[PDB]
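Structure file run01.cif (mmCIF, C-alpha atoms and all ligand atoms) follows.
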```cif
data_target
loop_
_atom_site.label_atom_id
_atom_site.label_comp_id
_atom_site.auth_asym_id
_atom_site.auth_seq_id
_atom_site.Cartn_x
_atom_site.Cartn_y
_atom_site.Cartn_z
CA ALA T 11 6.45 -15.85 -30.13
CA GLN T 12 5.99 -12.09 -29.96
CA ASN T 13 8.44 -9.93 -27.92
CA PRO T 14 10.71 -12.83 -26.91
CA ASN T 15 13.28 -10.54 -25.21
CA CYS T 16 10.41 -9.18 -22.93
CA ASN T 17 11.04 -5.50 -23.76
CA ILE T 18 8.72 -2.83 -22.51
CA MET T 19 6.45 -1.81 -25.38
CA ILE T 20 4.96 1.62 -25.99
CA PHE T 21 1.60 2.01 -27.70
CA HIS T 22 -0.04 4.95 -29.50
CA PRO T 23 -3.75 4.05 -29.98
CA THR T 24 -5.86 6.19 -32.26
CA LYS T 25 -9.07 7.75 -30.93
CA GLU T 26 -11.02 4.90 -32.51
CA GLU T 27 -8.79 2.25 -30.94
CA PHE T 28 -9.24 4.02 -27.53
CA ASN T 29 -12.94 3.20 -27.37
CA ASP T 30 -12.90 -0.38 -26.35
CA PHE T 31 -10.56 -0.92 -23.35
CA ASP T 32 -10.75 -4.73 -23.22
CA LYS T 33 -10.14 -5.07 -26.95
CA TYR T 34 -7.03 -2.86 -26.79
CA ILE T 35 -5.53 -4.84 -23.85
CA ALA T 36 -6.06 -8.00 -25.83
CA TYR T 37 -4.39 -6.30 -28.87
CA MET T 38 -1.34 -5.32 -26.80
CA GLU T 39 -1.05 -8.90 -25.58
CA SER T 40 -1.31 -10.18 -29.23
CA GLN T 41 1.88 -8.17 -29.83
CA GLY T 42 3.65 -9.68 -26.78
CA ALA T 43 3.37 -6.68 -24.43
CA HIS T 44 2.70 -8.78 -21.38
CA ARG T 45 5.97 -10.59 -21.64
CA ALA T 46 7.71 -7.45 -20.22
CA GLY T 47 5.39 -7.20 -17.22
CA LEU T 48 4.71 -3.51 -18.04
CA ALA T 49 3.56 -1.44 -21.06
CA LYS T 50 3.17 2.28 -21.69
CA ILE T 51 0.08 3.68 -23.45
CA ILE T 52 0.20 7.24 -24.84
CA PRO T 53 -3.45 8.45 -25.28
CA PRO T 54 -4.53 10.00 -28.63
CA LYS T 55 -4.02 13.69 -28.88
CA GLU T 56 -7.83 14.24 -28.89
CA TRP T 57 -8.21 12.78 -25.37
CA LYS T 58 -8.14 14.37 -21.96
CA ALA T 59 -8.76 13.00 -18.46
CA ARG T 60 -10.44 16.18 -17.25
CA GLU T 61 -10.46 19.91 -18.14
CA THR T 62 -7.97 21.26 -15.58
CA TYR T 63 -6.15 20.37 -12.34
CA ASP T 64 -6.70 23.88 -10.89
CA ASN T 65 -9.24 22.82 -8.29
CA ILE T 66 -7.64 19.80 -6.45
CA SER T 67 -5.98 21.51 -3.50
CA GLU T 68 -8.71 20.77 -1.03
CA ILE T 69 -8.56 16.97 -1.41
CA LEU T 70 -7.49 15.52 2.00
CA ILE T 71 -4.63 13.17 2.57
CA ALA T 72 -5.92 11.74 5.87
CA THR T 73 -2.83 9.65 6.61
CA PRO T 74 0.36 10.77 4.84
CA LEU T 75 3.09 8.15 5.16
CA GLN T 76 6.79 8.97 5.90
CA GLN T 77 8.89 6.31 4.23
CA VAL T 78 11.82 5.49 6.55
CA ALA T 79 14.56 3.26 5.11
CA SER T 80 16.93 0.71 6.73
CA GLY T 81 19.79 -1.18 5.07
CA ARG T 82 22.29 -0.20 2.43
CA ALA T 83 21.83 2.07 -0.59
CA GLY T 84 21.03 -0.69 -3.04
CA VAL T 85 19.32 -3.19 -0.68
CA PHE T 86 16.92 -1.71 1.87
CA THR T 87 13.51 -1.95 3.43
CA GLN T 88 11.11 0.91 4.21
CA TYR T 89 8.49 1.30 6.87
CA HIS T 90 5.66 3.73 6.80
CA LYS T 91 5.31 6.14 9.70
CA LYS T 92 1.90 7.75 9.86
CA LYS T 93 1.77 11.60 9.88
CA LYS T 94 -0.97 14.10 10.61
CA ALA T 95 -3.56 14.83 7.92
CA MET T 96 -2.96 17.45 5.34
CA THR T 97 -4.61 18.81 2.20
CA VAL T 98 -3.20 18.35 -1.32
CA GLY T 99 -2.33 22.08 -1.28
CA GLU T 100 -0.42 21.67 1.95
CA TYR T 101 1.33 18.53 0.66
CA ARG T 102 2.33 20.26 -2.60
CA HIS T 103 3.95 23.09 -0.62
CA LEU T 104 5.79 20.53 1.49
CA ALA T 105 7.02 18.62 -1.58
CA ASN T 106 8.37 21.95 -3.03
CA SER T 107 10.17 22.95 0.23
CA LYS T 108 13.93 22.98 0.43
CA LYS T 109 13.90 19.83 2.65
CA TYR T 110 11.93 17.72 0.08
CA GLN T 111 12.29 19.25 -3.36
CA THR T 112 13.91 17.54 -6.36
CA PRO T 113 17.63 18.50 -6.60
CA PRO T 114 19.17 20.04 -9.62
CA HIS T 115 19.90 17.43 -12.23
CA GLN T 116 20.90 17.04 -15.89
CA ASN T 117 18.44 14.49 -17.13
CA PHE T 118 16.38 11.46 -15.98
CA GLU T 119 19.49 9.25 -15.85
CA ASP T 120 21.34 11.68 -13.56
CA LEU T 121 18.29 11.85 -11.29
CA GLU T 122 18.08 8.04 -11.23
CA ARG T 123 21.76 7.90 -10.12
CA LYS T 124 21.04 10.39 -7.37
CA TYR T 125 17.98 8.41 -6.21
CA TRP T 126 19.92 5.17 -5.80
CA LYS T 127 22.91 6.85 -4.20
CA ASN T 128 20.95 8.93 -1.72
CA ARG T 129 17.44 7.60 -1.13
CA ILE T 130 18.14 5.90 2.18
CA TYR T 131 19.38 9.13 3.80
CA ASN T 132 16.04 10.83 3.52
CA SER T 133 12.47 10.04 4.59
CA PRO T 134 10.01 11.42 1.95
CA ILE T 135 6.27 11.64 2.68
CA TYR T 136 3.83 9.82 0.30
CA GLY T 137 0.02 10.39 0.05
CA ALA T 138 -0.80 6.89 -1.06
CA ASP T 139 -3.77 4.76 -1.38
CA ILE T 140 -6.52 7.46 -1.21
CA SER T 141 -9.91 6.15 -2.48
CA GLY T 142 -11.13 8.45 -5.21
CA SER T 143 -10.86 9.61 -8.85
CA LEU T 144 -9.76 12.65 -10.89
CA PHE T 145 -11.34 11.52 -14.17
CA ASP T 146 -14.24 13.69 -15.29
CA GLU T 147 -17.50 11.79 -15.43
CA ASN T 148 -17.84 12.79 -19.00
CA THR T 149 -14.55 11.15 -20.06
CA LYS T 150 -15.78 7.94 -21.68
CA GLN T 151 -12.48 6.39 -22.83
CA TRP T 152 -9.96 4.88 -20.36
CA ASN T 153 -11.74 6.34 -17.38
CA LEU T 154 -10.29 4.31 -14.45
CA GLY T 155 -13.49 4.76 -12.41
CA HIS T 156 -15.66 3.18 -15.20
CA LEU T 157 -13.86 -0.03 -15.91
CA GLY T 158 -15.49 -3.49 -15.87
CA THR T 159 -15.13 -4.83 -12.33
CA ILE T 160 -13.04 -7.84 -11.31
CA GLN T 161 -16.10 -9.37 -9.64
CA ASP T 162 -18.01 -9.17 -12.90
CA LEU T 163 -15.05 -10.72 -14.80
CA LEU T 164 -14.86 -13.65 -12.34
CA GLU T 165 -18.61 -14.09 -12.71
CA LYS T 166 -18.47 -13.99 -16.50
CA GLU T 167 -15.60 -16.52 -16.66
CA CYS T 168 -16.48 -18.92 -13.92
CA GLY T 169 -20.24 -18.39 -13.32
CA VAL T 170 -20.02 -17.60 -9.60
CA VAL T 171 -21.49 -14.34 -8.35
CA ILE T 172 -19.47 -12.79 -5.53
CA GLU T 173 -19.58 -9.79 -3.15
CA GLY T 174 -17.08 -6.94 -3.43
CA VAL T 175 -16.32 -3.76 -5.20
CA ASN T 176 -13.36 -2.41 -7.24
CA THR T 177 -12.65 1.38 -7.04
CA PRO T 178 -9.62 3.55 -7.94
CA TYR T 179 -6.98 5.07 -5.73
CA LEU T 180 -5.05 8.35 -5.84
CA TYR T 181 -1.32 8.73 -5.06
CA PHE T 182 0.24 12.08 -4.29
CA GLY T 183 4.07 11.79 -4.52
CA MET T 184 7.21 13.80 -3.97
CA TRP T 185 10.90 13.37 -4.75
CA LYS T 186 12.20 9.98 -3.55
CA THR T 187 8.77 8.53 -2.67
CA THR T 188 9.12 4.87 -3.39
CA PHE T 189 7.04 1.85 -4.36
CA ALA T 190 8.65 -1.39 -3.20
CA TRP T 191 9.01 -4.58 -5.28
CA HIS T 192 5.62 -6.30 -5.63
CA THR T 193 3.07 -7.93 -7.83
CA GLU T 194 -0.58 -6.96 -7.49
CA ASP T 195 -3.03 -8.61 -5.06
CA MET T 196 -3.96 -12.02 -6.49
CA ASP T 197 -1.46 -11.28 -9.36
CA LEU T 198 -4.06 -8.97 -10.99
CA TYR T 199 -3.31 -6.39 -13.67
CA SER T 200 -2.95 -2.77 -12.69
CA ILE T 201 -3.41 0.43 -14.69
CA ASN T 202 -1.86 3.72 -13.55
CA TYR T 203 -2.50 7.19 -15.05
CA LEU T 204 -0.10 10.00 -14.17
CA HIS T 205 -2.52 13.00 -13.95
CA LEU T 206 -0.02 15.76 -13.30
CA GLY T 207 3.39 16.81 -12.16
CA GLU T 208 6.77 15.19 -12.24
CA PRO T 209 7.64 11.76 -13.65
CA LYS T 210 7.57 8.26 -12.14
CA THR T 211 10.40 5.81 -12.93
CA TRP T 212 9.47 2.11 -13.08
CA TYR T 213 11.46 -1.10 -12.91
CA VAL T 214 9.89 -4.46 -13.91
CA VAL T 215 10.78 -8.17 -14.04
CA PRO T 216 9.17 -10.23 -16.86
CA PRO T 217 6.47 -12.58 -15.43
CA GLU T 218 8.28 -15.62 -16.75
CA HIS T 219 11.24 -14.69 -14.53
CA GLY T 220 9.48 -13.61 -11.39
CA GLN T 221 10.70 -16.56 -9.32
CA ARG T 222 14.34 -15.38 -9.99
CA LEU T 223 13.52 -12.15 -8.25
CA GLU T 224 11.87 -14.02 -5.37
CA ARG T 225 14.93 -16.21 -4.87
CA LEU T 226 17.23 -13.18 -4.79
CA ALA T 227 14.94 -11.43 -2.33
CA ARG T 228 15.04 -14.46 0.03
CA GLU T 229 18.87 -14.26 -0.08
CA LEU T 230 18.98 -10.46 0.50
CA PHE T 231 16.33 -10.31 3.18
CA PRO T 232 16.93 -13.52 5.09
CA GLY T 233 15.03 -12.65 8.35
CA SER T 234 11.98 -11.51 6.39
CA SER T 235 12.02 -14.69 4.33
CA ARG T 236 11.98 -16.89 7.48
CA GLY T 237 9.03 -14.84 8.78
CA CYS T 238 6.89 -15.33 5.67
CA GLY T 239 7.04 -17.51 2.55
CA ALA T 240 5.57 -14.55 0.51
CA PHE T 241 7.11 -11.51 2.19
CA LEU T 242 7.21 -9.44 -0.99
CA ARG T 243 3.44 -9.17 -0.41
CA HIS T 244 4.38 -6.85 2.50
CA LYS T 245 5.55 -4.29 -0.05
CA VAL T 246 8.63 -3.08 1.88
CA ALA T 247 11.73 -4.35 0.01
CA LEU T 248 13.89 -2.42 -2.44
CA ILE T 249 16.70 -3.75 -4.65
CA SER T 250 18.57 -1.42 -7.03
CA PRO T 251 19.17 -1.95 -10.73
CA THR T 252 22.89 -2.29 -10.02
CA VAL T 253 22.25 -5.14 -7.56
CA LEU T 254 19.79 -6.83 -9.94
CA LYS T 255 22.46 -6.69 -12.75
CA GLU T 256 25.13 -8.11 -10.40
CA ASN T 257 22.86 -11.06 -9.67
CA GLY T 258 21.78 -11.68 -13.27
CA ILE T 259 18.08 -10.85 -12.73
CA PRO T 260 16.31 -9.95 -15.94
CA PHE T 261 14.54 -6.56 -15.76
CA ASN T 262 13.68 -3.38 -17.66
CA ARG T 263 13.14 0.26 -16.77
CA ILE T 264 11.07 3.14 -18.16
CA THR T 265 10.00 6.63 -17.06
CA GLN T 266 6.30 7.60 -17.14
CA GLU T 267 5.40 11.25 -17.70
CA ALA T 268 2.26 13.21 -17.02
CA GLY T 269 -0.53 12.25 -19.40
CA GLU T 270 0.64 8.67 -19.89
CA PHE T 271 -0.81 5.31 -18.79
CA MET T 272 1.13 2.32 -17.58
CA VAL T 273 -0.30 -1.22 -17.43
CA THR T 274 1.22 -3.92 -15.27
CA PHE T 275 0.48 -7.50 -16.24
CA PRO T 276 -0.25 -10.54 -14.01
CA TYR T 277 2.80 -11.58 -11.99
CA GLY T 278 4.95 -8.69 -13.31
CA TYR T 279 7.03 -7.57 -10.34
CA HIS T 280 7.55 -3.83 -10.30
CA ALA T 281 9.12 -1.06 -8.18
CA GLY T 282 9.95 2.61 -8.68
CA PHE T 283 10.13 6.17 -7.51
CA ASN T 284 8.70 9.63 -8.08
CA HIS T 285 10.82 12.52 -9.40
CA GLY T 286 8.99 15.31 -7.62
CA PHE T 287 5.43 16.45 -6.74
CA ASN T 288 2.90 14.41 -8.75
CA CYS T 289 -0.50 12.78 -8.69
CA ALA T 290 -1.33 9.32 -10.11
CA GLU T 291 -4.53 7.26 -10.18
CA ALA T 292 -4.48 3.48 -10.31
CA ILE T 293 -6.81 0.47 -10.12
CA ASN T 294 -6.59 -3.28 -10.47
CA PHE T 295 -8.42 -5.12 -13.28
CA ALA T 296 -8.78 -8.59 -14.71
CA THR T 297 -9.18 -10.28 -18.10
CA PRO T 298 -9.83 -13.91 -19.00
CA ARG T 299 -6.10 -14.54 -19.12
CA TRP T 300 -5.72 -13.49 -15.48
CA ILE T 301 -7.82 -16.37 -14.08
CA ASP T 302 -4.96 -18.87 -14.27
CA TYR T 303 -2.62 -16.45 -12.50
CA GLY T 304 -5.16 -15.82 -9.78
CA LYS T 305 -5.46 -19.52 -9.08
CA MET T 306 -1.66 -19.82 -8.63
CA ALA T 307 -0.93 -16.53 -6.79
CA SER T 308 1.12 -16.76 -3.63
CA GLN T 309 -0.27 -15.59 -0.50
CA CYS T 310 0.96 -13.98 2.77
CA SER T 311 -0.72 -15.64 5.76
CA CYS T 312 1.65 -14.20 8.50
CA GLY T 313 -0.53 -11.18 9.21
CA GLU T 314 1.55 -8.49 7.66
CA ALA T 315 0.01 -7.99 4.23
CA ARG T 316 -3.60 -7.14 5.36
CA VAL T 317 -5.76 -6.24 2.30
CA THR T 318 -9.13 -5.13 1.07
CA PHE T 319 -12.46 -6.68 1.71
CA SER T 320 -12.80 -7.77 -1.90
CA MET T 321 -9.81 -10.19 -1.83
CA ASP T 322 -11.74 -12.56 0.36
CA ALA T 323 -13.93 -13.87 -2.45
CA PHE T 324 -11.00 -14.21 -4.86
CA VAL T 325 -9.14 -16.50 -2.40
CA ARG T 326 -12.30 -18.34 -1.41
CA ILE T 327 -13.32 -19.23 -4.99
CA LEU T 328 -9.94 -19.50 -6.76
CA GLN T 329 -7.85 -20.97 -3.89
CA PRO T 330 -10.17 -22.90 -1.54
CA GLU T 331 -7.34 -25.04 -0.14
CA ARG T 332 -5.47 -21.89 1.01
CA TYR T 333 -8.52 -20.00 2.22
CA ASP T 334 -8.66 -21.02 5.89
CA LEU T 335 -4.93 -20.27 6.48
CA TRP T 336 -5.06 -16.96 4.59
CA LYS T 337 -8.18 -15.80 6.46
CA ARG T 338 -6.47 -16.52 9.83
CA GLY T 339 -3.71 -14.12 8.62
CA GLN T 340 -6.43 -11.55 7.93
CA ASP T 341 -7.76 -12.00 11.57
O1 LIG Z 1 2.44 4.62 -8.16
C1 LIG Z 1 2.73 3.90 -7.15
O2 LIG Z 1 3.16 4.34 -6.03
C2 LIG Z 1 2.59 2.42 -7.16
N1 LIG Z 1 1.70 1.98 -8.26
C3 LIG Z 1 1.59 0.74 -8.62
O3 LIG Z 1 2.25 -0.23 -8.03
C4 LIG Z 1 0.67 0.34 -9.70
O4 LIG Z 1 0.05 1.20 -10.34
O5 LIG Z 1 0.55 -0.90 -9.86
MG MG Z 2 -10.08 20.37 -4.07
NI NI Z 3 1.56 -2.09 -8.41
ZN ZN Z 4 3.58 -12.25 5.36
#
```
Show this structure as C-alpha cells.
Ligand SMILES: O=C(O)CNC(=O)C(=O)O
Ligand SMILES: [Mg+2]
Ligand code: NI
Ligand SMILES: [Zn+2]
Amino acid sequence: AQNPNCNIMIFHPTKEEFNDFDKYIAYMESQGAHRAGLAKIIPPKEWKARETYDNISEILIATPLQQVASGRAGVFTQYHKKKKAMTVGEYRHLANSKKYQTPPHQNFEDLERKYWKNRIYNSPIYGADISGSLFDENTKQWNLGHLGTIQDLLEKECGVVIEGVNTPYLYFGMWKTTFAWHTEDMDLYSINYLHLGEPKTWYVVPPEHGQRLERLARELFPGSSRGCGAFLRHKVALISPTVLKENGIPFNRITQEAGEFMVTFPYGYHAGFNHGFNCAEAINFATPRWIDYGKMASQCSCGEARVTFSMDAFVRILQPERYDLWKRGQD
C-alpha cells in the first residue's frame, strides 16, 4: 500500500505531464497521495496562470465577511457578519492597514504560533466565495475554469444526464482569515490555486480517519452536535493542532505559497488560515473514484448548511433515500 503513514505529498510535474489533468490526478493517487487528504502540486517552470496581476483592483467583493470568533483559543466557532461592498483595491488597502496587517514574525512556524494564540481576539474580513476566474483563457493546462464538469463525470460513470453547472470561485484573504474544518459538498475533491500574495497554511485529517475528527468535534461542540448530526457541514468550527494532538487525532500540516496548487481528496477534512493579503481560486471536481464517496456522504438537513443549485441532482441520484429530508432542509 502506497503512503501508508498518510503524509502530504508534493509533486513536480513536467510540462508534458501537465497536459492531461485527469491522468495526473490518477498518477498521484497511484502513489498514495489521497491517503493524506491533501497534496501540493508545483507547476512546471514553463507555466503561468496569466500574464500579470496588475489589473485586478476593480473586481468587486459584494459581501465581505467579518469572521467573529467565540470560545477559547484552541476550540472556537466563527460566524460571518456581512459588511458593505468593496473593491479588491479597497480590500487590499484594508488588509495592509495597521488594524489588519500581518505582524512581524520570524518564520512560518512563529506566525502559526501567533495565529493560534491570538486569532480569537480579532475579527478579520474575508472576500470569499466570489464566482469568477483569474486564469487567462489562453492558459490550456490546469485552468480551473476549463475542467471537466462534475455533471459530465456523473453522466459518464452512471449514465444519467443531470442539470447543473460547476464554476470556480475567488477568495481574497487577509491575516487571520480562517477556513473552518470541513470536507467538500458531497465529499467531492477540491483544487485551489494561490494566484498571488501571502501564504495559506492548511491542516488535514486522512480520509480513513475522518470519523475520529467527527467524534472529537461532537465532544467539543456539544450544543451544535445536538442541533445537527452533520454540523461540520456548517463550516464554523475550529480546533487547533495542539488540541488535535492532545486528543490523538491523526493530521498533517503544510503551507501553500503563491504559484502552487493544492488538491483535497474525497472525505479529507481540512482547515486553515491566510498569512496576509492574498487571492486564491478554487473549484470542486470529481473522478470515478469519487462516486462511492458521494453515495456515502453525510448530509446536513437542519437548514444551516444551504448550498448551490447543483447539489440537488447529486443527492437525488446518489442518495435517493435521503433526498426528501435533505430538500426540506434546503426549503
Ligand atoms: O481557501 C479557502 O478559504 C478555503 N478553500 C478550501 O476549503 C478548498 O479549496 O477546498
Ligand atoms: Mg479589475
Ligand atoms: Ni475546502
Ligand atoms: Zn445542519
Residues near stretch 285-300 of chain T, cut-off 8 Å, all atoms listed in the file, skip fewer than 5 positions along chain, as a PyMOL selection string: chain T and resi 32+102+105-106+111-112+121+143-144+154+157-160+163+167+176-186+194+197-211+276
Atom CA of residue T:174 to atom CA of residue T:39, distance in Å rounded to a single decimal: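 Going from atom CA of residue T:174 over to atom CA of residue T:39 covers 27.4 Å.
Ranking T:90, T:100, T:82, T:46 by their shortest atom-to-atom distance to residue T:67, with only C-alpha atoms included, puts T:100 first.
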Atom CA of residue T:57 to atom CA of residue T:33, straight-line distance in Å: 18.0 Å
Ligand MG 2 (chain Z) neighbours within 8 Å using only C-alpha atoms and all ligand atoms, as an MDAnalysis selection string: chainID T and resid 65:69 98
Of the listed residues T:27, T:162, T:139, T:122, that which approaches ligand LIG 1 (chain Z) most closely, counting all atoms listed in the file: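 Ranking T:27, T:162, T:139, T:122 by distance to ligand LIG 1 (chain Z), first place goes to T:139.
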Report, as JSON, the axis-aligned box around all atoms of ligand LIG 1 (chain Z) present in the file, extended by 5 Å on each side; give centre and edge lengths in Å to one decimal place.
```
{"center_x": 1.6, "center_y": 1.9, "center_z": -8.2, "size_x": 13.1, "size_y": 15.5, "size_z": 14.3}
```
For residue T:314: contacts at 10 Å, only C-alpha atoms, fewer than 4 positions along chain excluded, given as a list in words: residues 237, 238, 241, 243, 244, 245, 310, 339 and 340 of chain T
Protein and nucleic acid residues within 8 Å of ligand NI 3 (chain Z) (all atoms listed in the file) as a list in words: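 The residues within 8 Å of ligand NI 3 (chain Z), counting all atoms listed in the file, are residues 189, 192, 193, 194, 200, 274, 279, 280 and 281 of chain T.
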Given only C-alpha atoms as the counted atoms, nearest of T:109, T:316, T:129, T:236 to residue T:85: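 Closest candidate: T:129.
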Which of T:20, T:214, T:36, T:164 sits closest to ligand LIG 1 (chain Z) [using all atoms listed in the file]: T:214
Selection as an NGL selection string: residues within 10 Å of (-1.6, -4.3, -26.1), counting only C-alpha atoms: :T and (19-23 or 31-44 or 49-51 or 273)
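Computed from the coordinates, the atom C4 of ligand LIG 1 (chain Z) to atom CA of residue T:227 distance equals 19.9 Å.
When only C-alpha atoms are used to measure the gap to residue T:13, the shortest distance among T:101, T:332, T:119, T:47 belongs to T:47.
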Of the listed residues T:239, T:81, T:142, T:155, that which approaches residue T:312 most closely, counting all atoms listed in the file: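 Among T:239, T:81, T:142, T:155, it is T:239 that comes nearest to residue T:312.
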Spatial neighbours of residue T:75, 9 Å, only C-alpha atoms, chain gap at least 2 places, as number ranges by chain: T: 73, 77, 89-93, 134-138
For the structure just given, write the atoms of stretch 163-192 of chain T, namely N, CA and C atoms, as a PDB file, in the first residue's frame.
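The resulting part.pdb:
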```
ATOM      1  N   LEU T 163     -19.017  14.044 -15.387  1.00  0.00           N
ATOM      2  CA  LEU T 163     -18.464  12.840 -14.770  1.00  0.00           C
ATOM      3  C   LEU T 163     -19.585  11.890 -14.289  1.00  0.00           C
ATOM      4  N   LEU T 164     -20.553  12.463 -13.569  1.00  0.00           N
ATOM      5  CA  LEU T 164     -21.677  11.561 -13.127  1.00  0.00           C
ATOM      6  C   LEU T 164     -22.350  10.915 -14.288  1.00  0.00           C
ATOM      7  N   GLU T 165     -22.555  11.659 -15.390  1.00  0.00           N
ATOM      8  CA  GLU T 165     -23.163  11.106 -16.581  1.00  0.00           C
ATOM      9  C   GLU T 165     -22.287  10.083 -17.202  1.00  0.00           C
ATOM     10  N   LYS T 166     -20.974  10.220 -17.368  1.00  0.00           N
ATOM     11  CA  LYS T 166     -20.107   9.267 -17.891  1.00  0.00           C
ATOM     12  C   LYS T 166     -20.067   7.975 -17.019  1.00  0.00           C
ATOM     13  N   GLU T 167     -20.090   8.129 -15.702  1.00  0.00           N
ATOM     14  CA  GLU T 167     -19.985   6.925 -14.867  1.00  0.00           C
ATOM     15  C   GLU T 167     -21.263   6.209 -14.741  1.00  0.00           C
ATOM     16  N   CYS T 168     -22.355   6.884 -14.640  1.00  0.00           N
ATOM     17  CA  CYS T 168     -23.611   6.274 -14.195  1.00  0.00           C
ATOM     18  C   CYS T 168     -24.689   6.310 -15.291  1.00  0.00           C
ATOM     19  N   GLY T 169     -24.464   7.042 -16.383  1.00  0.00           N
ATOM     20  CA  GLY T 169     -25.393   7.143 -17.489  1.00  0.00           C
ATOM     21  C   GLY T 169     -26.528   8.133 -17.402  1.00  0.00           C
ATOM     22  N   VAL T 170     -26.663   8.811 -16.287  1.00  0.00           N
ATOM     23  CA  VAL T 170     -27.824   9.704 -16.041  1.00  0.00           C
ATOM     24  C   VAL T 170     -27.415  11.188 -16.351  1.00  0.00           C
ATOM     25  N   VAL T 171     -28.077  11.843 -17.193  1.00  0.00           N
ATOM     26  CA  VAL T 171     -27.866  13.191 -17.524  1.00  0.00           C
ATOM     27  C   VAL T 171     -28.612  13.988 -16.467  1.00  0.00           C
ATOM     28  N   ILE T 172     -27.905  15.013 -15.958  1.00  0.00           N
ATOM     29  CA  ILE T 172     -28.481  15.894 -14.926  1.00  0.00           C
ATOM     30  C   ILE T 172     -28.249  17.398 -15.213  1.00  0.00           C
ATOM     31  N   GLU T 173     -29.129  18.229 -14.690  1.00  0.00           N
ATOM     32  CA  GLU T 173     -28.959  19.689 -14.702  1.00  0.00           C
ATOM     33  C   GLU T 173     -27.789  20.076 -13.765  1.00  0.00           C
ATOM     34  N   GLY T 174     -27.385  21.309 -13.924  1.00  0.00           N
ATOM     35  CA  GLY T 174     -26.359  21.922 -13.067  1.00  0.00           C
ATOM     36  C   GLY T 174     -25.120  22.263 -13.805  1.00  0.00           C
ATOM     37  N   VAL T 175     -24.396  23.204 -13.134  1.00  0.00           N
ATOM     38  CA  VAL T 175     -23.169  23.743 -13.642  1.00  0.00           C
ATOM     39  C   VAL T 175     -22.167  23.753 -12.480  1.00  0.00           C
ATOM     40  N   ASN T 176     -20.926  23.961 -12.862  1.00  0.00           N
ATOM     41  CA  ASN T 176     -19.709  23.779 -11.971  1.00  0.00           C
ATOM     42  C   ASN T 176     -18.735  24.897 -12.357  1.00  0.00           C
ATOM     43  N   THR T 177     -18.709  26.046 -11.567  1.00  0.00           N
ATOM     44  CA  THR T 177     -17.783  27.133 -11.959  1.00  0.00           C
ATOM     45  C   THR T 177     -16.871  27.470 -10.721  1.00  0.00           C
ATOM     46  N   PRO T 178     -15.711  28.162 -11.054  1.00  0.00           N
ATOM     47  CA  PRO T 178     -14.797  28.449  -9.951  1.00  0.00           C
ATOM     48  C   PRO T 178     -15.158  29.603  -9.062  1.00  0.00           C
ATOM     49  N   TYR T 179     -14.506  29.723  -7.935  1.00  0.00           N
ATOM     50  CA  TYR T 179     -14.694  30.803  -7.019  1.00  0.00           C
ATOM     51  C   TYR T 179     -13.370  31.418  -6.570  1.00  0.00           C
ATOM     52  N   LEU T 180     -13.414  32.709  -6.416  1.00  0.00           N
ATOM     53  CA  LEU T 180     -12.254  33.515  -5.921  1.00  0.00           C
ATOM     54  C   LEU T 180     -12.426  33.794  -4.440  1.00  0.00           C
ATOM     55  N   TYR T 181     -11.269  33.833  -3.762  1.00  0.00           N
ATOM     56  CA  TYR T 181     -11.130  34.121  -2.314  1.00  0.00           C
ATOM     57  C   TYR T 181     -10.086  35.149  -2.164  1.00  0.00           C
ATOM     58  N   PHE T 182     -10.446  36.296  -1.598  1.00  0.00           N
ATOM     59  CA  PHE T 182      -9.493  37.352  -1.235  1.00  0.00           C
ATOM     60  C   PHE T 182      -9.355  37.326   0.266  1.00  0.00           C
ATOM     61  N   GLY T 183      -8.127  37.054   0.776  1.00  0.00           N
ATOM     62  CA  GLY T 183      -7.852  36.875   2.212  1.00  0.00           C
ATOM     63  C   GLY T 183      -6.969  37.982   2.794  1.00  0.00           C
ATOM     64  N   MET T 184      -6.930  37.937   4.117  1.00  0.00           N
ATOM     65  CA  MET T 184      -6.018  38.786   4.893  1.00  0.00           C
ATOM     66  C   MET T 184      -5.536  37.983   6.048  1.00  0.00           C
ATOM     67  N   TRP T 185      -4.545  38.529   6.819  1.00  0.00           N
ATOM     68  CA  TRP T 185      -4.077  37.909   8.029  1.00  0.00           C
ATOM     69  C   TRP T 185      -5.225  37.437   8.897  1.00  0.00           C
ATOM     70  N   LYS T 186      -5.092  36.165   9.377  1.00  0.00           N
ATOM     71  CA  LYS T 186      -6.061  35.557  10.293  1.00  0.00           C
ATOM     72  C   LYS T 186      -7.378  35.126   9.661  1.00  0.00           C
ATOM     73  N   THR T 187      -7.639  35.450   8.386  1.00  0.00           N
ATOM     74  CA  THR T 187      -8.859  34.856   7.783  1.00  0.00           C
ATOM     75  C   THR T 187      -8.681  33.374   7.809  1.00  0.00           C
ATOM     76  N   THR T 188      -9.815  32.697   8.073  1.00  0.00           N
ATOM     77  CA  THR T 188      -9.886  31.331   8.523  1.00  0.00           C
ATOM     78  C   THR T 188     -10.870  30.476   7.773  1.00  0.00           C
ATOM     79  N   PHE T 189     -10.465  29.271   7.390  1.00  0.00           N
ATOM     80  CA  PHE T 189     -11.423  28.301   6.839  1.00  0.00           C
ATOM     81  C   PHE T 189     -11.560  27.208   7.875  1.00  0.00           C
ATOM     82  N   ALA T 190     -12.817  26.994   8.320  1.00  0.00           N
ATOM     83  CA  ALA T 190     -13.185  26.050   9.341  1.00  0.00           C
ATOM     84  C   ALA T 190     -13.064  24.595   8.887  1.00  0.00           C
ATOM     85  N   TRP T 191     -13.007  23.659   9.813  1.00  0.00           N
ATOM     86  CA  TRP T 191     -12.914  22.233   9.492  1.00  0.00           C
ATOM     87  C   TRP T 191     -14.082  21.753   8.653  1.00  0.00           C
ATOM     88  N   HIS T 192     -13.795  21.162   7.496  1.00  0.00           N
ATOM     89  CA  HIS T 192     -14.875  20.674   6.599  1.00  0.00           C
ATOM     90  C   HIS T 192     -14.324  19.681   5.633  1.00  0.00           C
TER      91      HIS T 192
END
```
